Structures are given as structure tokens and as C-alpha cells.
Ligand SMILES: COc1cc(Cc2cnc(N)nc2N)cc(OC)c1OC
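We begin with a single chain expressed as C-alpha cells, specifically the form deposited without the ligand.
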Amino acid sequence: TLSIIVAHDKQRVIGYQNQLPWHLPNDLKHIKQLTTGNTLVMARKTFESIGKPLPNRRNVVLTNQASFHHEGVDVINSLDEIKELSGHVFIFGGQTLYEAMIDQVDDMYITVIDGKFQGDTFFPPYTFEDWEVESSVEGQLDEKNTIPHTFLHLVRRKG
């Protein structure tokens, strides 16, 4: 299984692209629980924001930089090799990684905001044409999470 993980707003603007979502904590716990025990493919600029492997999960970094190394990170150099990774693979970037991967993935975990982010970076369009809602849960508002958000889980429509 190849899954997207993304957070975005009512205009599909990605919030704090490349970073762990320290600014939406419900979402950082959601990421934690999905990818633990599994494989996280990240854009290079995503790994460099973080700066070290996440524990308990296979960390894979996509980069065309021959000298890249980090202890506990597996490297891939092209899109094509992601479809070769074993187990449950999660794809976490990065606008161009999402455009490249959106028609390839089986499913999508999307955190959606009633609200606005500041960025210039966009998740690709998706419609009820191609996707179905397997799950839709309103996130818990409190002091740490004060923007209204839903966790969607969409699966590509098969057969």
C-alpha cells in the first residue's frame, strides 16, 4: 500500500511544507500513529527540515544528490523506485512529490482545514470522480489545536 500523507487548507495550500506539523499537534500525533512500524518516503528538503531519522520506521529520502548520506536513512533517486518499496509506504513532501504520486497512490490521508494558510504551495486536485471517503473525523479543538480540521481518509475508486 502506497499512501499519501498531507495537510492542507480550503484552497489546497500546504501548511508549513517540509516540516513536521509542530503547529498542528493533532496532526503530528496522526502522522506518528500512521507511519510507525512502516515506511516514510520524504522529499529531501523534508528530511533536512527534520534533520534526523524518525524512530521505529523505515525512513527513505528521495534525492538526485549523489553524496547524500545520513545514517538510518535509505536513499532513492527516482519516483519509480517508490513503487518497489515493500510494506505500507507513506509519501510525505512536498508539492511536486504529491503531483508526481497522486495518480499512483492507493489512498490518501488528508487533514483539511476550515481556514487559510500563508504558503505558495499546493496539493493536487481530487474529486469524488476518483476517490471515495473511507473515513472522515472532525479533529478535537483545544488550546494546542484551535483551527477546525477534519481527518479524511480517501481510497482510489477501484473496479
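C-alpha atoms forming the largest set that superposes within 1.5 Å between two forms make up the rigid core. The numbering used is simple: start at 1 and walk along the sequence shown. Only residues modelled in both forms are compared.
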Exercise for review: Could you settle it for me: does 53-61 or 119-127 have the higher average Cα B factor in the PDB entry?
Suggested key: 119-127
Practice item. Taking the values exactly as deposited, rank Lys158 by C-alpha B-factor within its chain and report the matching third: lowest, middle or highest. Key: highest
**Study point:** Third of chain Cα B-factors occupied by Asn26
**Key:** highest
Point to revise | Position of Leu79 among the chain's modelled residues by C-alpha B-factor, lowest, middle or highest third | key: highest
Review point. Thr96: which third of its chain by C-alpha temperature factor?
Key: highest
Check your understanding: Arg12: which third of its chain by C-alpha temperature factor?
Key -> lowest
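Not pictured, yet referred to below: the form solved in complex with the ligand.
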Check your understanding: Given the pose of the ligand in the bound PDB entry, superimposed here by the C-alphas around the site, does the shown chain leave the site open or is it blocked by 3 or more ligand atoms within 2.4 Å of backbone or C-beta atoms?
Key -> blocked
Point to revise | Proximity to the ligand in the bound PDB entry, single hit among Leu152, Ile5, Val155, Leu2 (heavy atom within 4.5 Å) | key: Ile5
Review point. So in the bound PDB entry, does any heavy atom of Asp107 sit within 4.5 Å of the ligand?
Key: no
Review point. Does the ligand come within 4.5 Å of any heavy atom of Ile50 in the bound PDB entry?
Key: yes
Check your understanding: Taking the shortest heavy atom distance, is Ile102 within 4.5 Å of the ligand in the bound PDB entry?
Key -> no
Exercise for review: May I ask you to check whether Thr111 falls inside a 4.5 Å heavy atom distance of the ligand in the bound PDB entry?
Suggested key: yes
Check your understanding: Does the C-alpha of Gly139 move 2 Å or more between this form and the one not shown once the rigid core is lined up?
Key -> no
Practice item. Take the rigid core as the frame of reference and indicate whether the C-alpha of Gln19 shifts by 2 Å or more between this form and the one not shown. Key: yes
Practice item. Given a change of 3 Å or more, say if the Cα atoms of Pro21 and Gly119 sit closer or farther in the bound PDB entry than in this form. Key: closer
Review point. Out of closer and farther, which fits the Cα atoms of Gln17 and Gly139 in the bound PDB entry compared with this form, where the change is 3 Å or more?
Key: farther
**Study point:** Structural rearrangement between this form and the one not shown, runs of 3 or more with C-alpha shift of 2 angstroms or more, core superposed
**Key:** 15-22
